[PDB]
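For reference, positions follow the sequence shown, starting with 1.
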Amino acid sequence: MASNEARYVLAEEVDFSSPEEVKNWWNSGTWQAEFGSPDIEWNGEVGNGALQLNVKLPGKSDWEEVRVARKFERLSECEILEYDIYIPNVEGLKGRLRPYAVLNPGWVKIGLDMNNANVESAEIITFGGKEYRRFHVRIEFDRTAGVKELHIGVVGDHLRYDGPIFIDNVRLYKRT
Ligand SMILES: [Ca+2]
């Protein structure tokens, strides 16, 4: 067996292709940041369907968090999470991102500071003639009994930004 054989298989995938999927997500919190109005909605132009978070990040502190969540029935079986964040590549965008996730019940914080990035060096991707900074997040965690929902924490670190941020391609994997 090749040493690069994937030891995992895709158990759950959310690509936000339909706006109905957004109704399954909710905002589960803020700290030193705010949501706008509405807090979340669907966007059909980014990632051919993405979760749009309308955020207000003052960029004054090193942890400015907005958080969203969704139930996942099979989550206790899983050990790897991947997801993408896209931020409009607007003039002057500067700062650090500290994205992570939470398994719940149990409020189990996973991948803390495991996927940090300077926004100014992040990959650029284009959708519909517009540029985005891309942040791919990959988090490893233990099979955890009783967990039923996943929270995605989008955390700014002196990243002043008022506008939409996007989440896409939420994928959960279990070991074979
Ligand atoms: Ca998508």
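In this structure, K71 and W26 approach most closely via the heavy-atom pair N-CZ3, 3.8 Å. Here the closest heavy-atom approach between residue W107 and residue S28 is recorded as CH2-OG, 4.4 Å. Between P164 and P88, the shortest heavy-atom distance links the atoms O-CD, 3.2 Å. Closest non-hydrogen pair, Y8 versus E140, comes out as OH-OE2, 4.2 Å. When every heavy atom of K56 is checked against every heavy atom of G36, the shortest pair comes out as NZ-CA, 3.8 Å. For the residue pair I139 and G111, the shortest heavy atom distance occurs at CG2-N, 3.5 Å.
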- request: Show your reasoning for whether side-chain contact (heavy atoms from CB on, under 4.5 Å) applies to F141 and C78.
  value: CA-CA 8 Å; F141 57 97; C78 290; 4.1 Å; yes

message: Pair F35, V68 - check side-chain contact (heavy atoms from CB on, under 4.5 Å), show working.
response: CA-CA 11 Å; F35 281 101; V68 299; 4.1 Å; yes

query: Could you go step by step and tell me if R67 and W31 meet the side-chain contact (heavy atoms from CB on, under 4.5 Å) rule?
result: CA-CA 9 Å; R67 202 166 46 227; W31 179 243; over 6 Å; no

- prompt: Checking side-chain contact (heavy atoms from CB on, under 4.5 Å) for the pair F16/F166: CA distance, chi angles, key distance, verdict?
  reply: CA-CA 11 Å; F16 306 99; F166 301 88; over 6 Å; no

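Residue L112 is not grouped with residue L81 when hydrophobic side chains (ILVMFWY) are merged at heavy-atom distances under 4.5 angstrom, including chains of intermediate members. Residue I165 is not grouped with residue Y132 when hydrophobic side chains (ILVMFWY) are merged at heavy-atom distances under 4.5 angstrom, including chains of intermediate members. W25 and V155 fall into different hydrophobic clusters, where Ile, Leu, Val, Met, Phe, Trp and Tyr residues are linked whenever their side-chain heavy atoms come under 4.5 Å apart, directly or through other members. Residues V66 and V22 share a single hydrophobic cluster, defined by chaining ILVMFWY side chains whose heavy atoms lie under 4.5 Å apart. Each of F72 and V102 belongs to its own hydrophobic cluster when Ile, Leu, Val, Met, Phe, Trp and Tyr are linked at side-chain heavy-atom distances under 4.5 angstrom.
Put simply, the residue from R143, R74, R175 that forms a salt bridge (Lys or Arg N to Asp or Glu O under 4.0 Å) with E79 is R143. A salt bridge (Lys or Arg N to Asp or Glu O under 4.0 Å) with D157 is found for exactly one of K94, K60, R96, namely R96. Remark: of the listed residues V154, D84, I85, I85 is the sole one forming a side-chain contact (heavy atoms from CB on, under 4.5 Å) with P99.
A distance of 13.5 Å separates CG of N115 from OH of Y100, quoted to the nearest 0.5 Å. Here the NE2 atom belonging to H136 is positioned 9.0 Å from the CG atom belonging to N169, to the nearest 0.5 angstrom. The structure places CG of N48 at 7.5 Å from OG of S17, a figure rounded to the nearest 0.5 Å. Atom CD of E12 and atom CZ of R70 lie 7.0 Å apart (nearest 0.5 Å). Taking CG from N27 and CD1 from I40, the interatomic distance works out to 7.0 Å, rounded to the nearest 0.5 Å. Between atom CD of residue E20 and atom CH2 of residue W42 there is a gap of 10.5 Å, rounded to the nearest 0.5 Å.
Without hydrogens or angle criteria, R98 side chain to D62 main chain gives a donor-acceptor distance under 3.5 Å. With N43 contributing its side chain and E45 its backbone, the two residues share a donor-acceptor pair below 3.5 Å.
Screening residues 119-130 for salt bridge (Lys or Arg N to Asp or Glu O under 4.0 Å), with sequence neighbours left out, gives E123-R134. Residue pairs satisfying the salt bridge (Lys or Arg N to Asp or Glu O under 4.0 Å) criterion with at least one member in residues 32-43, sequence neighbours excluded, are absent.
Counting heavy atoms from C-beta on, the side chains of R138 and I80 come closer than 4.5 Å. Side chains of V119 and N89 form no contact here, defined as non-hydrogen atoms less than 4.5 Å apart. Using a 4.5 Å heavy-atom threshold, the side chains of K148 and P105 count as touching. With contacts defined as side-chain heavy-atom distances shorter than 4.5 Å, the pair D168/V46 does not qualify. Two residues are said to be in side-chain contact when any heavy atoms from C-beta on lie closer than 4.5 Å; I152 and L51 fail this criterion.
Remark: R133 fails to qualify as a cation-pi partner of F135 under the 6.0 Å distance and 45° angle criteria applied to the six-membered ring.
For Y161 and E64, the side-chain atoms include no donor-acceptor pair closer than 3.5 Å.
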